[PDB]
Amino acid sequence: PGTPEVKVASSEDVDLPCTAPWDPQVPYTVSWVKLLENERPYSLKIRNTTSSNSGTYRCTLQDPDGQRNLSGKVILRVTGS
């Protein structure tokens, strides 16, 4: 709900986008998780996608000052065969 979706054919690579609303000119570090229960900054590369890669992912951008972070979610649906 309100979460964007990426569809990719199986065995293709995908660069999953970081949907955190980040600040320009801040040198973030990025950390990605899968929630179980390319010129775009901070994307997650997933090579040779398979059906099991489908799911909801969360990016978290950490401010270098260590006092702030920002997170956004994206859904991946793998649909080739």
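X-ray crystallography is the method the PDB entry lists for this structure, together with a resolution of 1.800 Å.

Caption draft 1: Structural context of the nonpolar core. Membership of the largest hydrophobic core comes to 15 residues, with the highest contact counts inside it found for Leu16, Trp32, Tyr57 and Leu76. Only β1 (5–8), β2 (14–16), β5 (55–62) and β6 (69–78) provide two or more residues apiece to this core. In this structure, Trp32 is in contact with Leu16, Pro17, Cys18, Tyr42, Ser43, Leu44, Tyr57, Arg58, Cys59 and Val74, ignoring residues within four places of it in sequence.

Caption draft 2: Structural context of the side chain of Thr49. As for its placement among the helices and strands, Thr49 is situated in the loop between β4 (44–46) and β5. Note on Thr49: relative accessible area 0%, which makes it buried. Of the polar contacts made by the side chain of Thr49, one reaches the backbone oxygen of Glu12; its length is 2.6 Å. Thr49 has contacts with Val8, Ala9, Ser10, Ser11, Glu12, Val14 and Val78, leaving out every residue within four places of it along the chain.

Caption draft 3: Geometry of unusual backbone geometry. Despite not being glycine, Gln25 has its phi angle at roughly 65°, a positive value. Relative to the elements of secondary structure, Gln25 occurs in the loop between β2 and β3 (29–35). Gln25 gets classed as exposed once you look at its relative accessible area, which sits at 80%. Even without a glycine there, the phi angle at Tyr42 is positive, about 75°. Topologically, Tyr42 is positioned in the loop between β3 and β4.

Caption draft 4: Seen up close, the sheet that holds β6. Read from one edge to the other, the open sheet built from 4 strands follows the order β1-β6-β5-β3, with strand pairing classed as mixed. The open sheet is flanked by β1 and β3, the only strands paired with a single partner. The mean inter-strand angle of the sheet, taken between neighbouring strand axes irrespective of direction, is 30°. One ladder, built from 4 bridges, connects β1 with β6; its direction is parallel. Paired with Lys7 across the two strands is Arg77, which belongs to β6.

Analysis parameters
- Residues numbered from 1 in each chain as written, not as in the entry; some residues may be left out.
- Heavy atoms only, no water.
- Residues with missing side-chain atoms left out of burial classes, pairs and counts.
- Core = buried A, V, L, I, M, F, W, Y, C linked by side-chain atoms within 4.5 Å.
- Buried < 20%, exposed > 50% of the residue type's maximum accessible area, 1.4 Å probe, protein only.
- Helix = DSSP H or I, 4+ residues; strand = E, 2+ residues; numbered from the N terminus.
- Contact = heavy atoms within 4.5 Å.
- Polar contact = N/O pair within 3.5 Å; in protein donor to acceptor, adjacent residues only side chain to side chain.
- Pairing = 2+ DSSP bridges.
- Axes fitted to C-alpha atoms, helices over the stretch in contact; angles between N-to-C directions.

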